[PDB]
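Heads up, the chain below is alone and in the form deposited without this ligand; it's given as structure tokens.
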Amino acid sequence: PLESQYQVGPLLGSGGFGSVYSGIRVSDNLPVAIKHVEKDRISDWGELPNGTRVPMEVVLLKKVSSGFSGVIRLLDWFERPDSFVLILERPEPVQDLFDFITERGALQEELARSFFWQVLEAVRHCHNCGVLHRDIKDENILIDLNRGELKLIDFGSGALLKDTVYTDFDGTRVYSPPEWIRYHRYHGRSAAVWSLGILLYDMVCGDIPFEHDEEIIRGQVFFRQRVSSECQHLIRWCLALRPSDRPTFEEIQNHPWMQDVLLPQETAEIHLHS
């Protein structure tokens, strides 16, 4: 019984995902987030383990839901006449990385190192669970401000991870690789690495490097803010024009700029607690 179990709260957002409301699970007064997805608007569908058909978004969330805190977790879900409703964790207090970056501008490297590190573990998690996010960016990342933990959200453009070429893509253009732009083809891992690179530039310069199609393909990176040489290196590396030339996840995490990561809590005390 959907509307017995939860107590609708304020619309928290509307965008390329749909309509998200704050909610309380009356059953234990747990802070949750209720999201509505219209059937008419879902272009990608998938089969539950049971195999019955849901929106891919749900398939992907089930697959990563256990047991990490790196990724937002799907509690439950329901079907309606024209919509599916998803019940997902709600951290509080929370802010998303974009809003965070807009308020506080470009970030200290020690902080960007922490976040960026945590994003890496959350993308590894998804890859490990057989899931490709396809829309990694500041908007799709929440900062739990007390714990200093980051959570990856919004699997609405995602896909089951595979080793072959993808030829569809409905994520955020500006974070998409040159080879998508030029050839409508890409591979999951390599494209994720690219997006991970735009994100890093974003963290450390307070804004994305490439705005237009031509600059993405040109692939040449200008820094508008004092950035460490080691960090500029990992960035230019992540954004190698040729996919095979890009760093794997291991290599990013074994990079000299990635060393000495703060722990999440530590990061909150040092940077998030005012």
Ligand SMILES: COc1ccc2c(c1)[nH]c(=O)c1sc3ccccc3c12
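Numbering starts at 1 and follows the sequence shown.
Omitted from view is the form solved in complex with this ligand, to which the following refers.
- Using a 2.4 Å cut-off against backbone and C-beta atoms, this ligand, superposed onto this form from its pose in the bound PDB entry, places no atom that close, and the site is open.
- The shortest heavy atom separation between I235 and this ligand in the bound PDB entry exceeds 4.5 Å.
- The closest non-hydrogen atom of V131 lies beyond 4.5 Å of this ligand in the bound PDB entry.
- A residue is said to contact a partner when one of its heavy atoms sits within 4.5 Å of a partner heavy atom; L12 meets this definition for this ligand in the bound PDB entry.
- Taking non-hydrogen atoms only, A33 approaches this ligand to within 4.5 angstroms in the bound PDB entry.
- This chain is displayed alone, yet in the bound PDB entry one of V193, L88, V123, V204 has a heavy atom within 4.5 Å of this ligand; that residue is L88.
- None of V119, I153, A112, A159 but one reaches within 4.5 angstroms of this ligand in the bound PDB entry through a heavy atom, and that residue is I153.
- For the three residues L200, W257 and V261, a heavy atom within 4.5 Å of this ligand turns up in the bound PDB entry in no case.
- In short, of 161-169, 123-131, 88-96, 184-192 it is 88-96 that has heavy atoms within 4.5 Å of this ligand in the bound PDB entry.
- Using a 4.5 Å cut-off on any heavy atom, the residues of 15-34 that reach this ligand in the bound PDB entry are, in sequence order, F17, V20, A33.
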